[PDB]
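Remarks on the structure that follows.
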RNA sequence: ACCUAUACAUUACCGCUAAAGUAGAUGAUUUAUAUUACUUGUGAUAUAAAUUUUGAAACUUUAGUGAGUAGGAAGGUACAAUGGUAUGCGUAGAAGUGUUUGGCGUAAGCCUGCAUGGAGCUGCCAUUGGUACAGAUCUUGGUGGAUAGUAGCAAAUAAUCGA
RNA sequence: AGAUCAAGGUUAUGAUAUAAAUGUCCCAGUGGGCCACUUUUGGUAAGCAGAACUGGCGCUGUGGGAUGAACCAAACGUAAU
RNA sequence: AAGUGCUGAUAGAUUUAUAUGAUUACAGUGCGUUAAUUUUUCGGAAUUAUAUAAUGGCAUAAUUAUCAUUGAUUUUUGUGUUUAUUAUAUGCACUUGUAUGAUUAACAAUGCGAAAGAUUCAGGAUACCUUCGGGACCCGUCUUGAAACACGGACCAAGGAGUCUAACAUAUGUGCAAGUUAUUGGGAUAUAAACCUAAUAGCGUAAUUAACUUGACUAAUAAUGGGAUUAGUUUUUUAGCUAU
RNA sequence: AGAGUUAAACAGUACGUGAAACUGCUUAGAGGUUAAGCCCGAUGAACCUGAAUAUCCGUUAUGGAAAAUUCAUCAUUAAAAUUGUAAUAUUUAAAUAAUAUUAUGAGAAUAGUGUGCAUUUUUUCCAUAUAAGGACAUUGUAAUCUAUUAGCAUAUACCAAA
């Protein structure tokens, strides 16, 4: 089930494969009505498909940070979050403590 | 002499003890290797108090330190020499154990070759045998 | 020859009652063997899902022979794929030295029906039969539906 | 504690092609990238339709390639079909059109090329119209097929018309009691 | 006041579920410095050093969340064979078996040392089967307690001496 | 009762969305239930018999009631506080 | 209600942030107007105008709208007024500074992976023995309910039970597509394989009647013709957005 | 029981392996409570597994040796590729493309020769300077965040209660 045995063609062997499975242009003569199967993807190179300059004039958003940064502090014991969150509340600290 | 890897973590563990299969104390036919009981009036399946404990995924170890050995390394069964050349630049996450099939003749080379690539073999002094 | 891991028995083994129940065990034949009884204890199953079982509509033909109803069929829908479409372009210049000659019984067909909506060229159709709309919708285009022998 | 999340919080869909086809499982690899970096909805419905079975990618004859195209005003809109384009002999003269398809029957490749236009795999589409400008993305009927004719059946309602699982068409095959008002009843 | 749950809460970890991000690497990015356009000022160029693959079936980010018979679905795992493969292992010791050898796995399981053994065996990719046992008064062989010496060796009159 | 025009402000209670909508396989099992508040019929009563509603047990561990299938708290990934 | 002013303790601290993406925006320190005022004299210290809409305060106009209306409450504000309050007007360098990337790290002590040789500190219900505490009924089964005064089971090794087939139906995979399908046969031939292949034949392509009859849209064109609800491609002009 | 034979008698006619069930013997510790077993936390004994080197307020300051070089400011020379141009032939009339040949050019690349070619270069080992030659682990310590628990209490404002 494993494709690709190492193979050796002779000369007149190799010159008959354009008859057995005929060609891309015309069908075959030695297999009546046979027609070579067409792939679902003819160009099949992704790294040149994605390369590409026909596609990278469309692409929008290369989101380049990660933005994890998560921990919830406490704005009732950590004063430095009070003045980040309610900035006016810094004043009332320096007013009544004054 | 091999430095333990890649600035080692602290391997911590939910249970060390292994799970030991209902009624295996009672019978010599039952192996201690766990079976889930399926049977209806069973207090172990039902998870009664002070019966024992079943497996689940909740005891699953940290995904960093999963399969890590005591030495911070992870195993890699080596079976001949040119499997050690796989560990030429994995000698910093993995470690080799020479198989049980590998004979005393070849092990002397695997031990000497793996001393050059600095890997930490987990069983040298196997088939020593300071003999013929 | 069938991949067994996807069969349930690899998986149900072993929990006890193998998928079939503790209460209502997998017994031998708990409803009847076969189409028993589609007229008493399976009747709901037999009407729905098969209305029309259990009767006789009738005309008995002792030893039907399957040649006296042979009559293969063709609509006007094809009729012109039987000549080449590459032989349709030339009569579509327009230039009518034609109708063509189609001999539908030499192909395999007898009855020429009329589904169709065929083009404005004439045709000459030698088939053994007719529809009412096969005769009209050809002779409107000029040609003639003609009797094969 | 909370009551609840029951089910199905597990939403229901298919998320990779079940074809192990090495050509299809590469056009997916591409079209993942053409819809996460160009957020078109045109390109979702190609990644979504590269996933489905062969039911859900039903054939679409050469005449509906053409019968839809001639609904006009887009004379260079390529016809995008995630599936098969077969051939209609009941169409005689075929217009010159450009076709994107997974598979094209050769009796339709011999005709479209002769007209002559193009036949495109889905990688030549994306290297030409990555955002899908000037394309016509069609699909043939999913319930065209005759397995679907039998769904679902109470004889007793005035609307079923849904096709039993007989073995054979004739009299003395489910045609008597419960279908005719003489024998039994009319369903 | 205080004690008390597998509940509540904040944290670590496992899974699930739901979202979200990454693939121009004859590219991207640093740090300096030479030059520089110079826009005051900041970019572009040269040099020197540096970082920058992932079974994309992968990696990264985020949040919620976990009862279960009967029952269904997924993913693993043991057994044995076939077709390919591992330039596999093996009388310098295969299978098996034992074992306070040492670990791995959440588990099924698995690797390894020593012991015995004495000729074959395995990993992977396919496809398959006479494919996993605690039960069935299951089958067939073996063995325990009882009892390893207990019930018992009591009808038919009876033997004893010395050689 | 309809088919096309013309005019229309700010879309017409509240609070919700652990996604909803829809096919197929009507696929597995099930088609012996018991318990309880309030309602209730037969019986003299019954841990009896039979129904209506809601919740449970069945399938369910943990905390409490010394004890317990259903009571009262509470529903259960491995751990610390 | 305010931080008012703290003092005590507890447990915990993900992170290979490139083992395929900011360590930078913040603020905080150390150099470059002024002048008197004050205080200690060794610092500090204080001071105005410096530009606000000014927000709060006062007076007044003004109007929206109202508990109750003598009034009060407003509302849109607007002006004047001074009483205060707040923010903006800190670049260039430079730190071992704070924050923020699930915010744990600075100081010491103890001890040398130590050539073979070999200790220290932590850990090991691995699989047992010793010592205590807590919990803890026997499994399988049928059952509404089993530890049951329900049935089977003394113990152990081997064996041991959802399969082949036939015909359908659905789902998925694959090939070809109005077709498709060698396989009964034949031919080539390398060997019960593979290959090649004529005439059919099934199934599909057209149906409905008990039957004989009959046989699918106005038309050279048309997806339930027509209608709604339509993903999507084309398209409209409009400010308009990044570049221009 | 010695001895002998064999590679082996732990292959001596249960004749390969030799499992379990059950057990005689040795060694170890222990015994009046769920009958014993068992779960979880610890324990004594025993055995065992794992453990670390380029820095504070740096992969910085600085002196010794050795060898040597396609390295220099090196220079020629010989290749073989790479990359990018151009040309021919294969091509689906053309182009594109793709292959294969031909040729240009740059920088690189080895190998050989080469101011001084060891002049201060160049690859490798040694000196002293700030915290210290650690870099780790096990700990007492310290302050920080999260969740929390107990504690003292500067001060306003409110309603009648005089």
Q: Mind telling me which of the residues B:7, B:94, B:52 ends up being away from every other protein chain (no Cβ under 14 Å), within 16 Å of RNA strand H (Cβ to nearest atom) and under 30 Å from residue C:13 (Cβ atoms)?
A: B:52
Q) Among the residues of segment C:129-143, which ones are touching a residue at least 40 places away in the same chain (Cβ under 8 Å) and surrounded by 15 or more Cβ atoms within 10 Å (Cβ to Cβ)? A) C:129, C:134, C:137, C:138, C:143
Q.
With the requirement that a residue be touching a helix residue (DSSP H, G or I) at 6+ places or on another chain (Cβ under 7 Å) and surrounded by 13 or more Cβ atoms within 10 Å (Cβ to Cβ), what does segment A:11-41 give you?
A. A:28, A:35, A:40, A:41
Q: Kindly indicate whether any position in segment D:83-92 is away from chain C (no Cβ under 14 Å) and within 16 Å of RNA strand H (Cβ to nearest atom).
A: no
Q.
Return the residues of segment B:78-123 that are under 19 Å from the mean Cα position of the chain (by Cα) and within 16 Å of residue B:4 (Cβ to Cβ); say none if nothing qualifies.
A. B:87, B:90, B:91, B:92, B:93, B:94, B:95, B:96, B:119, B:120, B:121, B:122
**Q.** When residues of segment B:92-106 are limited to those that are surrounded by 14 or more Cβ atoms within 10 Å (Cβ to Cβ) and without any contact (Cβ under 8 Å) to a residue 40 or more places away in the chain, the one farthest from residue B:128 (Cα to Cα)
**A.** B:94
Q) Which pairs have Cβ atoms under 6 Å, sit 6 or more apart or on different chains, and link a residue in segment B:24-51 that is under 19 Å from residue C:18 (Cβ atoms) to one that is within 6 Å of RNA strand G (Cβ to nearest atom)? A) B:38/C:16; B:45/B:37
(Q) When you check residue D:164 against the structure, is it more than 11 Å from chain C (Cβ to nearest Cβ), more than 22 Å from the chain's Cα centre (by Cα) and free of Cβ contacts under 8 Å to residues at least 40 places away in the same chain, yes or no? (A) no
Q. Looking at residue D:145, is it more than 8 Å from every other protein chain (Cβ to nearest Cβ) and either more than 30 Å from residue D:50 (Cβ to Cβ) or not in a helix (DSSP H, G or I) (or both)?
A. yes
Q. What number of residues within segment D:13-44 satisfy the criterion of being in contact with a helix residue (DSSP H, G or I) (Cβ under 9 Å, 6 or more places away or on another chain) and within 16 Å of RNA strand F (Cβ to nearest atom)?
A. 2
Q: Within segment A:67-86, identify whether any single residue is assigned to a loop (DSSP other than H, G, I, E, B), without any contact (Cβ under 8 Å) to a residue 60 or more places away in the chain, more than 14 Å from RNA strand H (Cβ to nearest atom) and closer than 29 Å to residue D:29 by Cα, and answer yes or no.
A: yes
Q. When you go through D:179, D:171 one by one, which is the residue that is within 7 Å of chain C (Cβ to nearest Cβ), in a loop (DSSP other than H, G, I, E, B), touching a strand residue (DSSP E or B) at 6+ places or on another chain (Cβ under 8 Å) and over 10 Å from residue C:49 (Cα atoms)?
A. D:179
Q) Of all residues in segment C:49-99, how many are assigned to a loop (DSSP other than H, G, I, E, B), under 30 Å from residue D:181 (Cβ atoms) and within 8 Å of chain D (Cβ to nearest Cβ)? A) 10
Q.
Give me the helices (runs of 4 or more DSSP H) completely within segment D:1-86, filtered to those with at least 1 residues that are without any contact (Cβ under 8 Å) to a residue 12 or more places away in the chain and more than 26 Å from residue D:111 (Cα to Cα), ordered by residue number.
A. D:24-36, D:41-47
Q) Within the bounds of segment B:53-73, is there any residue that is under 30 Å from residue B:108 (Cβ atoms) and loosely packed, with under 10 Cβ neighbours inside 10 Å? A) yes
Q. Are any residues in segment D:148-161 in a loop (DSSP other than H, G, I, E, B) and more than 11 Å from chain C (Cβ to nearest Cβ), and if so, which ones?
A. D:151, D:158, D:159, D:161
Q | Counted residues, segment A:20-57 - those being over 17 Å from residue D:105 (Cα atoms) and either away from RNA strand G (no atom under 14 Å from the Cβ) or under 15 Å from the mean Cα position of the chain (by Cα) (or both) | A | 14
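When we count neighbours, we look across all protein chains shown, and the Cβ atoms used for this are built from the backbone with ideal geometry, even at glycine. Where a number appears in this text, it was derived from the coordinates with a stated rule and is not lab data.
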